[PDB]
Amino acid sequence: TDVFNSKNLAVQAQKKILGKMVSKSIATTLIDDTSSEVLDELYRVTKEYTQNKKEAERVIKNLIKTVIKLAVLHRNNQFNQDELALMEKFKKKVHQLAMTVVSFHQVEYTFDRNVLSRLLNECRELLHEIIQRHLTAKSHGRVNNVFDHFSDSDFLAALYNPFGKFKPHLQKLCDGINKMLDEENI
């Protein structure tokens, strides 16, 4: 007759639900060994600047956590019409941030702390608004912890100081960002 036939379906649902959420979630955004180089450099410049190994650890952990959750949401079509448009603006703004970070190193002395703070904060606000309907307070805190550290004016000025400890880090960071850009991952 009619065995419990539903189970072959949620299973079909479960089967592919997984198919788009977990794979891309980590197979694609962070396990990209180049993403890890960039994150490692972000760690080093933060540790170098804060003189605190565990405050630097927490910044990068917050960042990695945010990116993953963001990916999973996206791949799961949990975003509505307005969150997708926001996400698309976010991606454009991060692309522009990435190229501006590089250009401020590649073109001598064009570093402008206000341009970078404006772009970083625009990313920050985009992220808050994207996750507003789907994440809790902890995630908003992670977003602020990450962007508070990187948009810090004195942090930015030191990172682009060509005479100090940070010069070789900026060079490595830029190599990594450019690699992501060239692979079209950002």
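Note that residue numbering follows the sequence shown and begins at 1.
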| query | finding |
| --- | --- |
| Stretch exceeding the other in mean C-alpha B-factor - 140-148, 25-33 | 25-33 |
| Mean C-alpha temperature factor, higher of 106-114 and 72-80 | 72-80 |
| Of the residues 53, 61, 133, 128, the one carrying the largest Cα B-factor as recorded | 53 |
| Among modelled residues of the same chain, the CA temperature factor third for residue 162 | middle |
| Third of the chain, ranked by Cα B-factor, where residue 181 sits | lowest |
